[PDB]
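Residues per chain are reported as follows:
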Number of protein chains: 2
Amino acid sequence: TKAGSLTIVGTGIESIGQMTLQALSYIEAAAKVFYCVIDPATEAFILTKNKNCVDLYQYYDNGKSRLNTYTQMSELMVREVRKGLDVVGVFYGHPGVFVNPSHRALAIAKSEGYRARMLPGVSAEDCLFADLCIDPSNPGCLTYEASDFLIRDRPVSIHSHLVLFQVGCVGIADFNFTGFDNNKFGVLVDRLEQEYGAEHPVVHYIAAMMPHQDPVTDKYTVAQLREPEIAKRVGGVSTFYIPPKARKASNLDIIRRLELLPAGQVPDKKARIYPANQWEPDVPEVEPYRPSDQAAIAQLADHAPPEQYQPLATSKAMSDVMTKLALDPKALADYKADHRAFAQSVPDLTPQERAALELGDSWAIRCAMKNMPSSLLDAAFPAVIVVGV
Amino acid sequence: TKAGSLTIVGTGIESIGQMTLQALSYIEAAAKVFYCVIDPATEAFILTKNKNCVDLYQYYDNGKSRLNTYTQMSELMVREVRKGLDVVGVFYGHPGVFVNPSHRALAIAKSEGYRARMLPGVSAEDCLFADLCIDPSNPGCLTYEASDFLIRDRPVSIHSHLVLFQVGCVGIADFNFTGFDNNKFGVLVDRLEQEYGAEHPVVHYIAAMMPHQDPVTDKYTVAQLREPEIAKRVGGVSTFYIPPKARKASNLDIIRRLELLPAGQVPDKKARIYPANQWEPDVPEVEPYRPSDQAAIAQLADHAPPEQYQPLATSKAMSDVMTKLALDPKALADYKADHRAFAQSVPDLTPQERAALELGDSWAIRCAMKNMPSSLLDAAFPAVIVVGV
Ligand SMILES: Nc1ncnc2c1ncn2[C@@H]1O[C@H](C[C@@H](N)CC[C@H](N)C(=O)O)[C@@H](O)[C@H]1O
Ligand SMILES: Nc1ncnc2c1ncn2[C@@H]1O[C@H](C[C@@H](N)CC[C@H](N)C(=O)O)[C@@H](O)[C@H]1O
């Protein structure tokens, strides 16, 4: 193992709070931190967590190709990796979602034989789902960069969600500190009119970046985007959400092959699961408390945990060590280097807990931390599926 | 304002570390916590952070419609909201990504006039981007639930990413504690063959759930998914990634309208930005250090921060309060109720810092925390765009 590693992490969108615990722990552990964030409170927070930080944002410039900036950003990180340092790169949101220099730097580090990993973060699209109250599952999600969407004539589905990033810099490859002169925005609007019609809704979405702010969730018709007062509101942190125009019908062959038949009464294409998408035009009211819902709720009074449910049955020592492995990158490295030596050094573990850590197998650890009922193991593996469409 | 609120949060995918700081803070602040997580270390962690937790997973049962479970899960949360409690629901990953009961509970709470919010988290798709080293931007991303994909004949694009969730329970609406008998998996494979061909790659993806694990990133051909030994590896935490088959050409009309013309030499449709997608079949090697890259790197020696770059210039007191607003939900509520009273109570703030908090405007706060150069304001607003495709 060569000295030197690159770990790229995110900060999420909303200041500080949307950073993951592991992003924070790696920032603290790093020999050197390179960051590219928008809000100053997140920047200030990062600087309190590591004494050796460099702002990558200073490598942008007016009329300077963003591609040249990205090469430089990547090279600054990889240079420090080559010197043998544990380097952390920090990008706002998810660091691999609409981000060039992270993928570049990691690929170079990997190709030169250094440890390289991206830790996922909360993207603007994650925020969009939360704030617009939609689920990519229902009814599928198409996500594009706005210029790419136009230039390569990327397909839309009128029956699925559409999310467009970078709608504030349509056709612009460079940078200006005072913002983009988004003069080709009308080209995007023409495409949206062709695909959806002039009266179809488009949600202008800006996630709150500070904890006390509300998101921008402004619905406009496609036609309204041509109004100069509306178009000028679209900036560098603007994303568009375009809801579906209609519900798609079910395929009879698939209904048959999946054996969803009974008497033929699969629900209608508009027989929606509550709640309906509130952005979709002319969506009918969906009843939250149907007779089936009421009957399910009536069963709560007599509910008991099923015999195959596996209650948590762990110990402070085991919870402590699993927490430490998640929150202390140095402890994790030590454990990964020698499971046995690490496991045997952890105080207060039971024999089963020690053995499970010695092995490292997910099953053994799960087994040490949950009571597995005899009924369960006699029948016949994580299984947590929380969507039913 | 009625007593009672519902805040739904995520834990991310990988045990503990992928929880956001705000998810943790809301879990700690809650009067009651309802959770649905897969790994026991995350469960144990949650139980150390709040004394009043209920496992929602006990409302699944063998042969019990998942829809009935979801109604019950939602109702357990909303009942406590109605009693006037600050309730936190916790779902693994992102709590609104392929999750029924979160959206249900929030919509009901909102309709009855209670405070209701979803906080985004790290989804399995976020993990997929990080672990497979792909960017949804390049070349667009289509995301579907696997049964829905089939039943409603959702379109694929051979030129964009395809991500399929719930590939381990194709056509299954119920639950079994011992896992799904995924007997209709072959129907998914037939669809993938029709769309992509028998020799096209499909990546079986399982993100590591424990900090020491590696992800499953196993490439198979579509044809190989028919092998029983391979099909049985696909379970409840399996996601498929299907890379593009080809590069899409540019639209000449759009090239003209966006004025990307010069002598006509837009890059070829295969003239890729490094790095190439390593999963895509027959991708050529892309040079990381082209002459343009080398020239950009040569400019680093003489680099100075641009005159319009805005250096951080804050104080401990201001950083402390912005951190507190992000990490202390009670402090945030107090600040939101009365900006002036809150701002005037914060020790050690400068006059400008106090005034900025009194107003709450993003501009004023940004202004108090960053030195804005005279050159910047004379020219003519966040602007952090890190992808150039
Ligand atoms: N606060 C925000 N609200 C909505 N969309 C945003 C926000 N910030 C960034 N974006 C979107 O992300 C684009 C910038 C991207 N290069 C970076 C995205 C970032 N890596 C993420 O994870 O979301 C913007 O042009 C917007 O489309
Ligand atoms: N560890 C994992 N690796 C890859 N995919 C996963 C993992 N865990 C869950 N999934 C995907 O998510 C599905 C379950 C969903 N109902 C819940 C997803 C969860 N809310 C998320 O944010 O990803 C599974 O069937 C998989 O498709």
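Residues numbered from 1 in each chain as written, not as in the entry; some residues may be left out. Chains lettered and ligands numbered in written order. Heavy atoms only, no water.

Looking at the method and resolution fields of the entry, one finds X-ray crystallography and 1.70 Å.

Trainee: Just give me the short version of the domain arrangement of chain A, but keep the residues and values in it.
Mentor: Residue and element names in this part refer to chain A. Taken domain by domain, chain A holds domain 1 (5-121), domain 2 (123-303) and domain 3 (316-379). Each of domain 1 and domain 2 was reduced to a C-alpha centroid, and the two centroids are 30 Å apart. Across the boundary between the two partners, domain 1 contributes 19 residues, which contact 22 residues of domain 2. When the two sides are added together, the surface that domain 1 and domain 2 hide from each other amounts to roughly 1,700 Å², 64% of it contributed by carbon and sulfur. Sorting the residues of domain 1 by area buried against domain 2 places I13, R66 and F98 first, and these three jointly supply 38% of that buried surface. Across the domain 1-domain 2 interface, the total number found is zero salt bridges. Residues of the side of domain 1 that touches domain 2, tallied by class, amount to six nonpolar, eight polar and five charged. (Domains from an automatic or database assignment. Contact = heavy atoms within 4.5 Å. Buried area = accessible area lost by both parts, 1.4 Å probe. Salt bridge = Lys/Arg side-chain N within 4 Å of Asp/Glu carboxyl O. Nonpolar A, V, L, I, M, F, W, Y, C, P; charged D, E, K, R; others polar.)

Trainee: Describe the pattern of salt bridges, with residues and values.
Mentor: Summed over the entire model, instances satisfying the criterion amount to 38 salt bridges over all chains. The partner of A:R104 in a salt bridge is B:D293, with the nearest N and O atoms 3.8 Å apart. Pair noted here: A:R104 is in helix α4 (residues 100-111) and B:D293 is in helix α10 (residues 291-298), and the two residues belong to different chains. Given a relative accessible area of 9%, B:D293 falls into the buried group. When the shortest N-O distance is used, the salt bridge between A:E259 and B:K184 registers 3.3 Å. Linking A:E259 in the loop between α9 (252-257) and α10 (291-298) with B:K184 in the loop between β7 (161-165) and α7 (185-196), this pair reaches from one chain into another. Among the charged side chains, a network of salt bridges with common partners joins A:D190, A:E193, A:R226 and B:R257. (Helix = DSSP H or I, 4+ residues; strand = E, 2+ residues; numbered from the N terminus. Buried < 20%, exposed > 50% of the residue type's maximum accessible area, 1.4 Å probe, protein only.)

Trainee: I'd like to hear about the relation of the copies chain B and chain A, residue by residue, with values.
Mentor: Structural alignment of chain B on chain A gives an RMSD of 0.0 Å, achieved by rotating through 180° and translating 0.0 Å along the axis. Such a combination of turn and shift is consistent with a two-fold rotation axis. Taken together, the interface assignments show that 100% of the residues at the interface of chain B recur at the interface of chain A, consistent with an identical surface on both copies. (Least-squares fit on C-alpha atoms.)

Trainee: Tell me what's going on with helix α7 (residues 185-196) of chain A, and back it up with residues and numbers.
Mentor: With 12 residues, α7(A) extends 17 Å from end C-alpha to end C-alpha; this agrees with the ideal 16 Å at 1.5 Å per step. Taken together, the buried positions of α7(A) are A:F185, A:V187, A:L188, A:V189, A:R191, A:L192 and A:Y196. In the core, the buried residues of α7(A) are packed alongside α6 (146-151), β7 (161-165), β8 (201-206), α8 (228-231) and β10 (239-242) of chain A together with α9 (252-257) of chain B. Among the residues trailing α7(A), A:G197 stands out with phi positive, at a value near 95°. (Expected span 1.5 Å × (residues − 1).)

Trainee: So what's going on with the site of ligand 1? Residues and values would help.
Mentor: Looking at ligand 1, there are 21 residues lining it, with A:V97, A:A124, A:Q166, A:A207 and A:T239 nearest. At the site occupied by ligand 1, the surrounding residues belong to chains A and B. Between ligand 1 and the protein, one listed contact pairs an oxygen atom with a backbone N or O atom of A:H94 at 2.8 Å. Between ligand 1 and the protein, one listed contact pairs a nitrogen atom with a backbone N or O atom of A:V237 at 3.2 Å. Classifying every residue of the shell around ligand 1 by side-chain character gives 14 nonpolar, seven polar and no charged. (Near = heavy atom within 4 Å. Polar contact = N/O pair within 3.5 Å; in protein donor to acceptor, adjacent residues only side chain to side chain.)

Trainee: If you had to explain the interface of chain B and chain A to someone new, which residues and values would you point to?
Mentor: Contacts between the two partners involve 164 residues from chain B and, on the opposite side, 164 residues from chain A. With both sides pooled, the region where chain B packs onto chain A buries about 14,300 Å², and carbon together with sulfur makes up 61% of that total. Joining chain B to chain A, the criterion identifies 10 salt bridges. One can count 84 residue pairs in polar contact joining chain B with chain A. Here the side of chain B that touches chain A gets 11 residues from one element, more than from any other, and that element is helix α3 (residues 66-82) of chain B. Of the residues assigned to the side of chain B that touches chain A, the class counts are 90 nonpolar, 44 polar and 30 charged. Looking at chain direction, strand β6 (residues 141-145) of chain A and strand β6 (residues 141-145) of chain B are connected through three bridges and run antiparallel. Within β6(B), the position partnered with A:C141 by the bridge is B:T143. (Pairing = 2+ DSSP bridges.)

Trainee: Any chance you could break down the pairing of strand β4 (residues 86-91) of chain B for me, citing the residues and the numbers?
Mentor: The side chains of a regular strand alternate, first on one face of the sheet and then on the other. Residues and elements named next belong to chain B. Burial of β4 is extensive: five of the six residues sit out of reach of the surface. Summarising the sheet, strand β1 (residues 5-10) and β4 pair through six bridges and their orientation is parallel. When the bridges of β4 are listed, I8 appears paired with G89. Relative to β4, strand β2 (residues 32-36) runs parallel, the two sharing five bridges. Residue pairing for β4: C36 is matched across the bridge by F91.

Trainee: Which residues make up the sheet that holds strand β3 (residues 53-55) of chain B, and what are the values?
Mentor: All names here are of chain B. With parallel pairing, five strands are arranged side by side in an open sheet as β3-β2-β4-β1-β5. Only two strands of the sheet have a single neighbouring strand rather than two, namely β3 and β5 (115-118). This sheet shows a mean twist of 15° between the axes of neighbouring strands, independent of strand direction. In this sheet, β5 lies alongside β1 in parallel orientation, the contact comprising four bridges. Within β5, the residue paired with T7 across the bridge is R117. (Axes fitted to C-alpha atoms, helices over the stretch in contact; angles between N-to-C directions.)

Trainee: An account of the environment of B:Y114 is requested, with residue identities and associated values reported.
Mentor: Residue and element names in this part refer to chain B. Along the chain, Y114 turns up in the loop between α4 (100-111) and β5. Taking relative accessible area as the criterion, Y114 reaches 12% and is therefore assigned buried. Separated by 62 residues in the primary sequence, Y114 and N52 place their C-alpha atoms 21 Å from one another. Setting aside residues no more than four positions away along its own chain, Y114 makes contact with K2, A3, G4, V81, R82 and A109.

Trainee: Let's hear about the nonpolar core: which residues, and what values?
Mentor: Within the largest apolar cluster, 203 residues are counted, with the highest numbers of intra-cluster contacts made by A:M322 and B:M322. For B:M322, the contacting residues outside a window of four places in its chain are A:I16, A:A41, A:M210, B:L357, B:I365 and B:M369. With 56 residues, the next largest nonpolar core counts A:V189, A:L258, B:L164 and B:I230 among its residues. (Core = buried A, V, L, I, M, F, W, Y, C linked by side-chain atoms within 4.5 Å.)

Trainee: Outline the packing of aromatic side chains, listing residues and values.
Mentor: All names here are of chain A. Here the structure, examined in full by the defined rule, presents 22 aromatic pairs over all chains. Ring centres 6.1 Å apart and planes at 75° place the aromatic pair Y57 and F177 in the edge-to-face group. Highlighted residues: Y57 in the loop between β3 (53-55) and α3 (66-82) and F177 in the loop between β7 and α7, separated in sequence by 120 residues. A relative accessible area of 9% means that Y57 is categorised as buried. Ring centres of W363 and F381 lie 5.9 Å apart, and the angle between their planes is 55°; this geometry places the pair in the tilted category. By relative accessible area, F381 is classed as partly exposed at 45%. Its end group placed over the ring of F149, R191 keeps NZ or CZ at 4.3 Å from the ring centre. (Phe/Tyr/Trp six-rings, centres within 6.5 Å; stacked < 30°, edge-to-face > 60°. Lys NZ or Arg CZ within 6 Å of the ring centre and 35° of its normal.)

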